[PDB]
Every structure is written in C-alpha cells, then in structure tokens.
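Listing of final33.tsv, TSV, C-alpha atoms and all ligand atoms
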```tsv
chain	number	residue	atom	x	y	z
A	1043	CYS	CA	111.42	117.65	107.02
A	1044	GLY	CA	112.88	114.60	108.76
A	1045	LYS	CA	114.03	111.11	107.85
A	1046	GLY	CA	111.35	108.92	106.28
A	1047	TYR	CA	108.01	109.76	104.73
A	1048	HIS	CA	106.93	113.09	106.19
A	1049	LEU	CA	103.53	113.43	107.84
A	1050	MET	CA	103.61	116.35	110.31
A	1051	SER	CA	105.90	118.87	111.98
A	1052	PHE	CA	105.50	120.97	115.13
A	1053	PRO	CA	107.53	124.08	116.04
A	1054	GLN	CA	108.95	124.94	119.45
A	1055	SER	CA	110.85	128.02	120.56
A	1056	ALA	CA	114.35	128.01	122.03
A	1057	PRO	CA	116.91	130.66	123.09
A	1058	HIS	CA	118.18	132.11	119.80
A	1059	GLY	CA	116.51	129.41	117.75
A	1060	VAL	CA	113.72	127.08	116.75
A	1061	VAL	CA	113.19	123.33	117.23
A	1062	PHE	CA	111.14	121.23	114.81
A	1063	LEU	CA	109.51	117.96	115.87
A	1064	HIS	CA	109.14	116.01	112.62
A	1065	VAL	CA	106.57	113.19	112.63
A	1066	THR	CA	107.39	110.65	109.92
A	1067	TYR	CA	106.28	107.22	108.71
A	1068	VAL	CA	108.81	104.36	108.61
A	1069	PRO	CA	108.19	100.87	107.17
A	1070	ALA	CA	108.97	98.21	109.75
A	1071	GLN	CA	108.45	94.51	108.94
A	1072	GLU	CA	109.25	93.33	105.41
A	1073	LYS	CA	109.17	89.90	103.79
A	1074	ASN	CA	110.19	88.46	100.44
A	1075	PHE	CA	107.81	87.97	97.52
A	1076	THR	CA	107.94	86.87	93.89
A	1077	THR	CA	106.89	89.57	91.43
A	1078	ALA	CA	106.13	89.98	87.73
A	1079	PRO	CA	105.71	93.07	85.52
A	1080	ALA	CA	102.53	91.97	83.73
A	1081	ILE	CA	99.92	89.21	83.54
A	1082	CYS	CA	99.38	87.47	80.19
A	1083	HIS	CA	95.72	86.43	80.19
A	1084	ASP	CA	93.60	85.57	77.12
A	1085	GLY	CA	96.30	86.88	74.78
A	1086	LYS	CA	96.32	90.29	76.50
A	1087	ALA	CA	98.89	91.86	78.81
A	1088	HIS	CA	97.58	93.35	82.06
A	1089	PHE	CA	99.47	96.00	84.05
A	1090	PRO	CA	98.52	97.21	87.56
A	1091	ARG	CA	96.83	100.58	87.93
A	1092	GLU	CA	98.22	101.61	91.35
A	1093	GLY	CA	100.14	98.67	92.75
A	1094	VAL	CA	102.34	95.68	92.00
A	1095	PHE	CA	101.84	91.97	91.34
A	1096	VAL	CA	103.04	89.60	94.09
A	1097	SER	CA	102.88	85.88	94.76
A	1098	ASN	CA	102.67	84.09	98.10
A	1099	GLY	CA	103.86	80.87	96.43
A	1100	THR	CA	100.82	79.59	94.54
A	1101	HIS	CA	98.43	82.45	93.69
A	1102	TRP	CA	98.93	85.95	92.33
A	1103	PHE	CA	97.66	89.16	93.95
A	1104	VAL	CA	97.93	92.90	93.39
A	1105	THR	CA	98.97	95.11	96.29
A	1106	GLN	CA	100.00	98.64	97.13
A	1107	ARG	CA	103.70	99.41	97.38
A	1108	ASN	CA	104.22	100.85	100.87
A	1109	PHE	CA	101.95	98.41	102.73
A	1110	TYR	CA	101.04	94.75	102.28
A	1111	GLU	CA	97.39	94.09	101.73
A	1112	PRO	CA	96.59	91.70	98.86
A	1113	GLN	CA	93.52	91.52	96.67
A	1114	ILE	CA	92.37	89.49	93.69
A	1115	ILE	CA	93.71	90.48	90.27
A	1116	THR	CA	90.72	92.08	88.59
A	1117	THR	CA	89.90	94.03	85.42
A	1118	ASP	CA	88.96	96.97	87.69
A	1119	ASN	CA	92.45	97.31	89.23
A	1120	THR	CA	94.41	96.49	86.04
A	1121	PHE	CA	94.59	97.83	82.50
A	1122	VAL	CA	95.28	96.26	79.11
A	1123	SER	CA	98.01	97.35	76.70
A	1124	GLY	CA	98.89	95.17	73.72
A	1125	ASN	CA	99.63	91.45	73.62
A	1126	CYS	CA	101.89	89.31	75.78
A	1127	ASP	CA	104.96	88.67	73.66
A	1128	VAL	CA	106.89	91.96	74.01
A	1129	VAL	CA	107.11	92.36	77.79
A	1130	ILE	CA	110.02	90.48	79.37
A	1131	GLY	CA	109.01	88.55	82.48
A	1132	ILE	CA	105.28	87.94	81.95
A	1133	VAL	CA	103.55	85.16	83.89
A	1134	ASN	CA	100.24	83.36	83.32
A	1135	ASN	CA	97.32	84.00	85.66
A	1136	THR	CA	93.57	84.43	85.37
A	1137	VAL	CA	91.96	87.86	85.71
A	1138	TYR	CA	88.58	88.11	87.42
A	1139	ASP	CA	85.75	90.06	85.78
A	1140	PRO	CA	83.06	91.41	88.15
A	1141	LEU	CA	80.66	92.11	85.28
A	1142	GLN	CA	80.31	88.45	84.15
A	1143	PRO	CA	78.45	86.84	87.14
A	1144	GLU	CA	75.76	89.53	87.13
A	1145	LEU	CA	75.87	89.54	83.32
A	1146	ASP	CA	75.16	85.82	82.96
A	1147	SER	CA	72.51	85.97	85.71
A	1148	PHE	CA	70.74	88.63	83.66
A	1149	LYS	CA	71.24	86.49	80.55
A	1150	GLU	CA	69.56	83.36	81.96
B	845	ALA	CA	166.90	119.71	92.45
B	846	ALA	CA	165.98	123.24	93.57
B	847	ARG	CA	164.00	124.81	96.40
B	848	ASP	CA	160.32	123.98	95.96
B	849	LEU	CA	157.55	126.44	96.80
B	850	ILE	CA	155.97	124.01	99.27
B	851	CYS	CA	159.32	123.63	101.06
B	852	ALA	CA	159.51	127.43	101.40
B	853	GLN	CA	155.95	127.51	102.76
B	854	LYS	CA	156.81	124.76	105.26
B	855	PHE	CA	159.98	126.59	106.33
B	856	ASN	CA	158.08	129.87	106.78
B	857	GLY	CA	155.43	128.43	109.11
B	858	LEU	CA	152.59	127.45	106.75
B	859	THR	CA	151.19	123.92	107.04
B	860	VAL	CA	148.53	121.95	105.16
B	861	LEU	CA	146.60	119.47	107.30
B	862	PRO	CA	145.22	116.25	105.79
B	863	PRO	CA	141.46	115.66	105.74
B	864	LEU	CA	139.77	113.27	108.14
B	865	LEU	CA	138.27	111.03	105.43
B	866	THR	CA	140.61	109.41	102.92
B	867	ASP	CA	139.71	109.11	99.24
B	868	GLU	CA	139.14	105.38	99.74
B	869	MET	CA	136.48	106.14	102.36
B	870	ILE	CA	134.76	108.62	100.02
B	871	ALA	CA	134.88	105.97	97.29
B	872	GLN	CA	133.38	103.40	99.69
B	873	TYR	CA	130.54	105.80	100.58
B	874	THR	CA	129.90	106.50	96.88
B	875	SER	CA	129.88	102.76	96.07
B	876	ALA	CA	127.45	102.11	98.95
B	877	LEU	CA	125.11	104.83	97.64
B	878	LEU	CA	125.29	103.42	94.10
B	879	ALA	CA	124.64	99.84	95.22
B	880	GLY	CA	121.69	100.95	97.34
B	881	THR	CA	120.11	103.07	94.60
B	882	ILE	CA	120.61	100.30	92.02
B	883	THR	CA	119.39	97.31	94.03
B	884	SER	CA	116.69	98.88	96.23
B	885	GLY	CA	115.53	102.12	94.59
B	886	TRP	CA	114.53	105.00	96.86
B	887	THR	CA	113.57	102.70	99.74
B	888	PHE	CA	117.06	102.62	101.27
B	889	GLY	CA	116.83	106.36	101.95
B	890	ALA	CA	113.61	105.99	103.97
B	891	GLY	CA	114.30	102.98	106.20
B	892	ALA	CA	115.19	99.37	105.41
B	893	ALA	CA	116.49	98.66	101.91
B	894	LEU	CA	113.76	96.80	100.02
B	895	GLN	CA	114.90	94.95	96.91
B	896	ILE	CA	113.16	95.45	93.56
B	897	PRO	CA	114.09	94.50	89.96
B	898	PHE	CA	115.56	97.35	87.95
B	899	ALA	CA	112.99	97.31	85.13
B	900	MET	CA	110.20	97.56	87.71
B	901	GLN	CA	112.03	100.38	89.50
B	902	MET	CA	112.37	102.22	86.19
B	903	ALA	CA	108.65	101.67	85.52
B	904	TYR	CA	107.91	103.24	88.92
B	905	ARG	CA	110.14	106.17	87.95
B	906	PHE	CA	108.20	106.56	84.69
B	907	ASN	CA	104.92	106.66	86.64
B	908	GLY	CA	106.57	109.41	88.69
B	909	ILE	CA	106.90	111.54	85.54
B	910	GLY	CA	103.52	111.21	83.86
B	911	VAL	CA	104.14	108.35	81.44
B	912	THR	CA	102.32	105.08	82.02
B	913	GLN	CA	104.37	101.96	82.72
B	914	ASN	CA	103.37	100.16	79.51
B	915	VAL	CA	105.75	102.48	77.62
B	916	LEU	CA	108.89	101.13	79.30
B	917	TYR	CA	108.00	97.41	79.22
B	918	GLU	CA	107.26	97.57	75.48
B	919	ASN	CA	110.44	99.57	74.74
B	920	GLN	CA	112.95	98.29	77.34
B	921	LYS	CA	115.75	97.55	74.86
B	922	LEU	CA	115.48	101.10	73.47
B	923	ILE	CA	115.83	102.79	76.89
B	924	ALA	CA	118.64	100.35	77.72
B	925	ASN	CA	120.57	101.13	74.52
B	926	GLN	CA	119.97	104.89	74.86
B	927	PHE	CA	121.26	104.83	78.45
B	928	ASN	CA	124.30	102.79	77.40
B	929	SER	CA	125.14	105.24	74.61
B	930	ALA	CA	124.59	108.24	76.91
B	931	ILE	CA	126.87	106.86	79.62
B	932	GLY	CA	129.47	105.87	77.02
B	933	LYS	CA	129.54	109.45	75.74
B	934	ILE	CA	130.53	110.70	79.23
B	935	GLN	CA	133.83	108.78	79.05
B	936	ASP	CA	134.58	110.19	75.59
B	937	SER	CA	133.76	113.71	76.78
B	938	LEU	CA	135.99	113.31	79.85
B	939	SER	CA	138.95	111.70	78.06
B	940	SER	CA	139.56	114.75	75.83
B	941	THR	CA	138.19	118.01	77.27
B	942	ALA	CA	139.84	119.38	80.43
B	943	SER	CA	137.42	122.27	80.99
C	1201	LIG	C1	98.24	82.15	99.18
C	1201	LIG	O1	97.04	82.92	99.44
C	1201	LIG	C2	95.82	82.25	99.09
C	1201	LIG	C3	94.70	83.23	99.37
C	1201	LIG	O2	94.63	83.57	100.74
C	1201	LIG	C4	95.69	80.95	99.88
C	1201	LIG	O3	94.53	80.25	99.45
C	1201	LIG	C5	93.64	79.94	100.56
C	1201	LIG	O4	94.36	79.57	101.77
C	1201	LIG	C6	93.50	79.28	102.88
C	1201	LIG	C7	94.40	79.02	104.07
C	1201	LIG	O5	94.68	77.63	104.21
C	1201	LIG	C8	92.60	78.10	102.54
C	1201	LIG	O6	91.71	77.85	103.63
C	1201	LIG	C9	91.80	78.38	101.27
C	1201	LIG	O7	91.05	77.23	100.90
C	1201	LIG	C10	92.74	78.78	100.13
C	1201	LIG	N1	91.98	79.13	98.94
C	1201	LIG	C11	92.28	78.68	97.72
C	1201	LIG	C12	91.39	79.14	96.61
C	1201	LIG	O8	93.24	77.93	97.52
C	1201	LIG	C13	96.92	80.08	99.66
C	1201	LIG	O9	96.85	78.92	100.48
C	1201	LIG	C14	98.20	80.85	99.98
C	1201	LIG	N2	99.37	80.03	99.71
C	1201	LIG	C15	100.41	79.94	100.55
C	1201	LIG	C16	101.53	79.05	100.12
C	1201	LIG	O10	100.43	80.55	101.61
C	1202	LIG	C1	114.76	87.34	101.80
C	1202	LIG	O1	115.72	86.50	101.13
C	1202	LIG	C2	117.09	86.72	101.49
C	1202	LIG	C3	117.92	85.77	100.65
C	1202	LIG	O2	117.21	84.57	100.39
C	1202	LIG	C4	117.28	86.49	102.99
C	1202	LIG	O3	118.62	86.78	103.35
C	1202	LIG	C5	116.32	87.36	103.79
C	1202	LIG	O4	116.42	87.06	105.17
C	1202	LIG	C6	114.88	87.15	103.32
C	1202	LIG	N1	113.94	87.96	104.09
C	1202	LIG	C7	113.87	89.30	104.13
C	1202	LIG	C8	112.80	89.86	105.02
C	1202	LIG	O5	114.61	90.04	103.48
C	1203	LIG	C1	101.26	81.04	79.09
C	1203	LIG	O1	100.18	80.57	78.25
C	1203	LIG	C2	100.46	80.60	76.84
C	1203	LIG	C3	99.21	80.14	76.13
C	1203	LIG	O2	98.04	80.49	76.87
C	1203	LIG	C4	101.67	79.72	76.54
C	1203	LIG	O3	101.99	79.81	75.15
C	1203	LIG	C5	102.86	80.16	77.38
C	1203	LIG	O4	103.96	79.27	77.17
C	1203	LIG	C6	102.50	80.18	78.86
C	1203	LIG	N1	103.62	80.65	79.66
C	1203	LIG	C7	104.38	79.85	80.40
C	1203	LIG	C8	105.49	80.51	81.15
C	1203	LIG	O5	104.19	78.64	80.46
```

When written as structure tokens, how does the structure in this file appear?
Amino acid sequence: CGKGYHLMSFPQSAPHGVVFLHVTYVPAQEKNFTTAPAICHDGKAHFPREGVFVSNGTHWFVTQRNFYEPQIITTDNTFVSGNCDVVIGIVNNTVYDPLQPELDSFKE
Amino acid sequence: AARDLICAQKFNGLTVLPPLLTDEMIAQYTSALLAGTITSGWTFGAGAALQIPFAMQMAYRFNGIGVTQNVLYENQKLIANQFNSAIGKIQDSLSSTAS
C-alpha cells in the first residue's frame, strides 16, 4: 500500500486496469540524540511505557518514537521492574511524582 | 578430452545468456540490506535510516510481540547466547546435509 507508513488510498479507473493513489507518512528532519534503556532512580529501574529516553545534552526526557516532542520523566509515563544493577546502560536521573506536591499540601 | 554436452548445444543453435546482475552485485545488495537492518532497524525501509542501538531495537521488537521490554534487558546475555548457538547450528547443518 505504498512506500512509507500507510494512511489512505484512493482508487481510479483506467483502460484495462486500476490506479491506486497511496497517501503515506514519511519522516523528514532528524537529529542526533543520546539515549539510555532505563533510568536508575532511588534503587529502582524505570522503563518507558510508550516511548524512549533521550537527552538534549544536560537533561533527560521521554518521547515518542516517530515524532520528537519531549516531556518530563514521570512515574505516570514509566514503569518499575527490579533494581538497577542488571540492565546494561542505565543512567542516573530523577523521576517526578505528580502525587507528592498535592500529597504534602494535604499533609500540612 | 571428448565432446561436451554444452558444446553440442552451442553447435546446434542453443545459447545461454548471462544475467544482467552479477553475483557480486547481488552480494552487495544483500550486504546493504543487512547493514541497514542491523544499524537502523525498520526505519531504513520507510525513509531515512535512523540509527538505534541493537539492544533497544530488540526491545522494540519484543514490544511488537506482546512481551514487555523489561524481559530483554534483564536477560540480554541469554538471548545473545541463544542467538549465537542458533546461528552456529546453521553452519553445521549446511556443512553436512546437501538436501
Ligand atoms: C535541554 O532542555 C531543557 C528543557 O527545555 C533546557 O532547560 C531550560 O532551557 C531554557 C532555555 O534556555 C532555560 O530558559 C531554562 O531555564 C532551562 N531550564 C532548566 C531547568 O535548566 C536545557 O537548557 C536544554 N539543554 C540544551 C543543551 O539545549
Ligand atoms: C549525527 O552524527 C553523525 C556522526 O557524528 C553525523 O554524520 C550526522 O550528520 C549527525 N546528524 C544527523 C542528523 O544524522
Ligand atoms: C548512580 O547512582 C548510584 C547511587 O545512587 C551510584 O552507585 C552509581 O555509580 C551512579 N551511576 C553513575 C554512572 O555514576
């Protein structure tokens, strides 16, 4: 159904045949990034749910694969599996918790 | 020596034409496909080749099956050794059996 990631197709008639217009999605402008498989935070290894860890040079973000939009590494978009001494290539970064600011505000 | 069969075919008007692509060109195409699918994953078949480490590509391919990616990263030496044994058995199967 055409070269690339297929979105649509439209038929047209022709003498003794058919013609398909395949509408596809092509990635265009790429750039290099530094990546890691997991984040070792607080003795726990964090893996992305639907995405990949990238670095712009100083900080670490999680992003989708086919498009570049970054967001903060969070407990909501990651999951925990074991401790950080088995995975090869772990890096150290903090993981934000959205519960804790509203949790401490309720506590005080 | 003696009269070959191919010489008799040539003398009787039967000719074999060579193919357009040599075996070196087929080998170059195969090597290009292997290098692309090793270094870039499936991205070279949908546009520009985007590099990715092989363990992360294999974790993507495990998420394509139904297994979460924590299985590969905690067992990477086992999948590596199993793949090495499986590809080493192909040479031993091809060096003996001609069927
Ligand atoms: C990597 O991205 C982060 C997040 O966007 C950048 O951090 C911010 O950068 C802006 C742009 O100058 C600053 O105004 C903010 O004060 C920065 N915030 C923090 C918390 O540092 C960071 O600069 C980027 N790094 C590179 C090398 O591009
Ligand atoms: C990424 O890095 C390589 C090697 O450092 C370089 O050739 C290339 O231009 C860079 N950028 C992109 C978009 O690939
Ligand atoms: C990450 O932090 C742990 C302790 O929190 C430390 O033992 C480890 O060496 C750090 N990793 C790196 C690459 O420095």

Tell me, in Å to one decimal, how far CA of residue 897 in chain B is from CA of residue 870 in chain B. 27.0 Å

Restrict the distance test to all atoms listed in the file, flag each residue of chain B within 10 Å of chain A, and return the flagged residues as a ChimeraX atom specification. /B:887-897,899-900,903-904,907,912-920

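We find CA of residue 1043 in chain A and CA of residue 909 in chain B to be spaced 22.8 Å apart.
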
Let me know the centre plus edge lengths, in Å and rounded to one decimal, of a box with edges along x, y and z that contains all listed atoms of ligand LIG 1202 (chain C) and is padded by 4 Å on every side, as JSON.
```
{"center_x": 115.7, "center_y": 87.3, "center_z": 102.8, "size_x": 13.8, "size_y": 13.5, "size_z": 12.8}
```

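Taking all atoms listed in the file into account, the residues that come within 9 Å of ligand LIG 1203 (chain C) are residues 1082, 1083, 1084, 1085, 1126, 1131, 1132, 1133, 1134 and 1135 of chain A.
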
Between chain A and ligand LIG 1201 (chain C), at 12 Å or less, what are the per-residue closest atom pairs and their distances in Å? Count all atoms listed in the file, order by chain and rising residue number, and return it as a tab-separated table.
```
residue	atom	partner	partner_atom	distance
A:1075	CA	C:LIG1201	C16	11.2
A:1076	CA	C:LIG1201	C16	11.9
A:1096	CA	C:LIG1201	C1	10.2
A:1097	CA	C:LIG1201	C1	7.4
A:1098	CA	C:LIG1201	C1	5.0
A:1099	CA	C:LIG1201	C16	4.7
A:1100	CA	C:LIG1201	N2	5.4
A:1101	CA	C:LIG1201	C1	5.5
A:1102	CA	C:LIG1201	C1	7.9
A:1103	CA	C:LIG1201	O1	8.3
A:1104	CA	C:LIG1201	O1	11.7
A:1111	CA	C:LIG1201	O2	10.9
A:1112	CA	C:LIG1201	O2	8.6
A:1113	CA	C:LIG1201	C3	8.8
A:1114	CA	C:LIG1201	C3	8.8
A:1115	CA	C:LIG1201	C3	11.7
```

Those same residues - C-alpha atoms - I'd like them written as an mmCIF file, keeping the file's coordinate frame.
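Saved to out32.cif:
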```
data_model
loop_
_atom_site.group_PDB
_atom_site.id
_atom_site.type_symbol
_atom_site.label_atom_id
_atom_site.label_comp_id
_atom_site.auth_asym_id
_atom_site.auth_seq_id
_atom_site.Cartn_x
_atom_site.Cartn_y
_atom_site.Cartn_z
ATOM 1 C CA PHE A 1075 107.810 87.970 97.520
ATOM 2 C CA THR A 1076 107.940 86.870 93.890
ATOM 3 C CA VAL A 1096 103.040 89.600 94.090
ATOM 4 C CA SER A 1097 102.880 85.880 94.760
ATOM 5 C CA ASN A 1098 102.670 84.090 98.100
ATOM 6 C CA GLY A 1099 103.860 80.870 96.430
ATOM 7 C CA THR A 1100 100.820 79.590 94.540
ATOM 8 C CA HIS A 1101 98.430 82.450 93.690
ATOM 9 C CA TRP A 1102 98.930 85.950 92.330
ATOM 10 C CA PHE A 1103 97.660 89.160 93.950
ATOM 11 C CA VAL A 1104 97.930 92.900 93.390
ATOM 12 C CA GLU A 1111 97.390 94.090 101.730
ATOM 13 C CA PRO A 1112 96.590 91.700 98.860
ATOM 14 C CA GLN A 1113 93.520 91.520 96.670
ATOM 15 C CA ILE A 1114 92.370 89.490 93.690
ATOM 16 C CA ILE A 1115 93.710 90.480 90.270
#
```

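Note that CA of residue 1095 in chain A and CA of residue 1117 in chain A are 13.5 Å apart.
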
Nearest-residue call for residue 1051 in chain A, choices A:1120, A:1063, A:1145, A:1137, using all atoms listed in the file: A:1063

Of B:849, B:884, B:875, B:864, the one sitting nearest ligand LIG 1202 (chain C) when using only C-alpha atoms and all ligand atoms is B:884

Extract range 1058-1127 of chain A from the preceding block and save C-alpha atoms as a compact mmCIF listing (two decimals), in the first residue's frame.
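Written file, result.txt:
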```txt
# COMPACT_ATOMS: atom_id res chain seq x y z
CA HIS A 1058 -7.99 -2.43 -18.67
CA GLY A 1059 -6.84 -1.58 -15.17
CA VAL A 1060 -6.90 0.27 -11.88
CA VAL A 1061 -4.69 3.02 -10.42
CA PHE A 1062 -4.15 3.43 -6.68
CA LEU A 1063 -3.14 6.76 -5.15
CA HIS A 1064 -1.41 5.81 -1.89
CA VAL A 1065 -1.17 8.55 0.76
CA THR A 1066 1.69 7.80 3.16
CA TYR A 1067 3.59 9.44 6.02
CA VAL A 1068 7.36 9.97 5.70
CA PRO A 1069 9.67 11.27 8.46
CA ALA A 1070 11.61 14.29 7.24
CA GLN A 1071 14.04 16.11 9.58
CA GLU A 1072 16.06 14.02 12.02
CA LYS A 1073 18.73 14.93 14.55
CA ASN A 1074 21.07 13.02 16.84
CA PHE A 1075 20.33 12.28 20.50
CA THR A 1076 21.86 10.35 23.38
CA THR A 1077 19.69 7.51 24.66
CA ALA A 1078 19.56 5.03 27.54
CA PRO A 1079 17.48 1.87 28.10
CA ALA A 1080 16.43 2.60 31.69
CA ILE A 1081 16.65 5.18 34.48
CA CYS A 1082 18.12 4.10 37.82
CA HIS A 1083 16.37 6.26 40.42
CA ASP A 1084 16.10 5.52 44.17
CA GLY A 1085 17.44 2.00 43.66
CA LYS A 1086 14.72 1.19 41.11
CA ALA A 1087 14.93 0.79 37.34
CA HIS A 1088 12.39 2.73 35.27
CA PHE A 1089 11.43 1.76 31.71
CA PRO A 1090 9.28 3.89 29.36
CA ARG A 1091 5.68 2.89 28.77
CA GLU A 1092 5.26 4.07 25.15
CA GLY A 1093 8.40 5.95 24.19
CA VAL A 1094 12.15 6.25 24.58
CA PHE A 1095 14.56 8.18 26.80
CA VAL A 1096 16.55 10.96 25.10
CA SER A 1097 18.96 13.67 26.20
CA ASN A 1098 19.48 17.11 24.71
CA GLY A 1099 22.87 17.34 26.43
CA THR A 1100 22.05 18.06 30.07
CA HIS A 1101 18.56 16.81 30.96
CA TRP A 1102 16.66 13.60 30.23
CA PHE A 1103 13.23 13.39 28.60
CA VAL A 1104 10.86 10.70 27.34
CA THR A 1105 9.47 10.98 23.83
CA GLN A 1106 7.52 9.06 21.23
CA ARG A 1107 9.45 7.23 18.55
CA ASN A 1108 8.14 8.58 15.23
CA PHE A 1109 7.98 12.26 16.26
CA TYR A 1110 10.04 14.47 18.55
CA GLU A 1111 8.12 16.01 21.39
CA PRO A 1112 9.80 15.76 24.81
CA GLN A 1113 8.24 15.64 28.24
CA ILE A 1114 9.44 15.24 31.82
CA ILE A 1115 10.27 11.72 33.00
CA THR A 1116 7.41 10.89 35.34
CA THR A 1117 6.06 7.89 37.26
CA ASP A 1118 2.92 8.15 35.08
CA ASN A 1119 4.76 7.54 31.79
CA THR A 1120 7.27 4.99 33.15
CA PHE A 1121 7.09 1.67 34.99
CA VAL A 1122 9.30 -0.05 37.56
CA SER A 1123 10.83 -3.52 37.17
CA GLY A 1124 13.52 -4.67 39.58
CA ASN A 1125 16.67 -2.88 40.67
CA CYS A 1126 19.34 -1.08 38.66
CA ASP A 1127 22.27 -3.48 38.55
```
